[PDB]
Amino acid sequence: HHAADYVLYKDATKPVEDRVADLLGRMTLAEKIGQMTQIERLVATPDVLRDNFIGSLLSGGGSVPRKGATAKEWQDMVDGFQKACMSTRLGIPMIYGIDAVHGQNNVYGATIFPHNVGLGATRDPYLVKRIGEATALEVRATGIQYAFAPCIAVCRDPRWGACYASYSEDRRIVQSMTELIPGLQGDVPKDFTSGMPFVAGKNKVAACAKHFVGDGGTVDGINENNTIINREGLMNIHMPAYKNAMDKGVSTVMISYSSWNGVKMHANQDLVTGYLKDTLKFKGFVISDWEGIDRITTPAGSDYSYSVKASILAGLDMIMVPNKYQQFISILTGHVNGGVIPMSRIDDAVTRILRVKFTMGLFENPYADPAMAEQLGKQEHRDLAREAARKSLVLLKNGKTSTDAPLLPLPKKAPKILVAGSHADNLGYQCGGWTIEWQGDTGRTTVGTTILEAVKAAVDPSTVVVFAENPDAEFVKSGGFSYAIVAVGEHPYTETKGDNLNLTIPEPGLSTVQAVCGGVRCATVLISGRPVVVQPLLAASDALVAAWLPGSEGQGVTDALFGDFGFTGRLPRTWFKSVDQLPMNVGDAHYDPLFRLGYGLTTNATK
């Protein structure tokens, strides 16, 4: 189509499938295996990226150009990697992925949205779509084109350390919240074939439905473990939202560390190829989890040759290595050279990877847009996060007896009030895991508003606000306080570090609530990624709110405490009476909840 040096795959006017086929037909085995290889930025250099024809890079949790890096520092880092990839013989751009799972959360100054369990409490799919839209903009502000979200796990046991990453124990709620996908990617057109990948253009990102499949169903909630359930239960609980993700054009799917009835998902040809590809007609790319193929074996990494053969034959397309790319590339090249892995399997993996890259516009816009930098932490997105935080709150108690005056909403004008607890003025605790660091962190780790700061912003100027982190009973009784707001709960965690068989909050938390509430009427705000043992907190408190992990916008909590809005959140999970009941789900013979799925008290906005 015209100029003497015309190359069809470089022609932006050609159909995607024609561009894929034209490029694939020109590639060497080294160029094909390179596309299937994703590496950490920590091991990337210009020569590594060119010499190994690398297809993708990622930042793991906390993998950043430096602490406090600006949006432009991120764009310059990503573009430097891209310039190296674009300089190869074929000039195939790399795709850069990151865990943007509640905002662009590794990045300083990014808006931090509530974690998924609180979003499930909102029952508001359109809110979650808007959160996807804002998240795409803040990810593109940093030059990154690919977000590893949504987690569509259906967490069936809150002892799991990733329960907060699940919208709900009820698959129907998880299905509803797949609206995150067209938020991040853009809406698919009217014509659209389920299972095809879609991203609208340079202001959107590729999404990732994860982790396929049954990651929320593991024995005792043990992370990365075995999910024991018949096919009927797998298909009835854990699978449905993957079909909604196909219908919405999700570009990629990430495989689970978990096993299904003893078969590693990373080695499961029947599910990855037979079901996801051949039954659901998924045409995007399938990516491993981090060292996911290493973990097929016990011990992990003890037969990496088998890990590569089993995973690639199972149908995985792109491997998140993420460090030992030389070994990965060498073993896979040997398997192909030996006839153990057919060329047809390599060509399928590369076809899918290229299909996603051409579809999303990456060959047309491989570099960052400096004009997008200011999207990072934009006030409109903070207002959205504040809306979501407020909608996520579930009021569990509002008065000790049926005849007491309800404590909430609290008055903004009072002579003197107390704000207390470990979680009242700790931005890292209110954001939880996957915030700045992989495991999250403590204190003022990014830009945001703590519960204490939100209270000071909300109250009448005549209201004196006193903060004490862990006051004793006498300090409270002598203080002349009108009421107290006391915030306690879990410390930040992610995945295995969060697996927890007792689900009791760290001390001092309960002791502080008891000291405070013993001296003055108190509203307890519980920060957690899941239900935790709650009867002692309830017995002490006049009012108690499950605020989950509400993110950077602490004013969402005070918006409801002071009656600017009514409480509307409803439990997206069962609240247990004791951990010895677990697992305990609706329909079980022993279903005996402290609070059932859907429970939530309400208030009306103050007049």
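The first residue of the shown sequence is 1; numbering continues from there.
Stretches 55-63 and 577-585 differ in mean C-alpha B factor, with the higher average recorded for 577-585. As the entry records it, the average C-alpha temperature factor is higher for 502-510, out of 502-510 and 284-292. Residue-level inspection of the entry shows that, of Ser422, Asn236, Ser392, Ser251, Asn236 has the top Cα B-factor. Of the candidates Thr351, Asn225, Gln104, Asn426, the deposited coordinates give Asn225 the top C-alpha B factor.
Sort the chain's modelled residues by C-alpha temperature factor and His491 lands in the middle third, per the entry. Among the modelled residues of its chain, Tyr367 has a C-alpha B-factor that falls in the lowest third, as given in the PDB entry. When the modelled residues of the chain are ordered by C-alpha B-factor, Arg231 sits in the highest third. In the deposited entry, the Cα temperature factor of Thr135 places it in the lowest third of its chain's modelled residues. The PDB entry assigns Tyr306 a C-alpha temperature factor belonging to the highest third of its chain's modelled residues.
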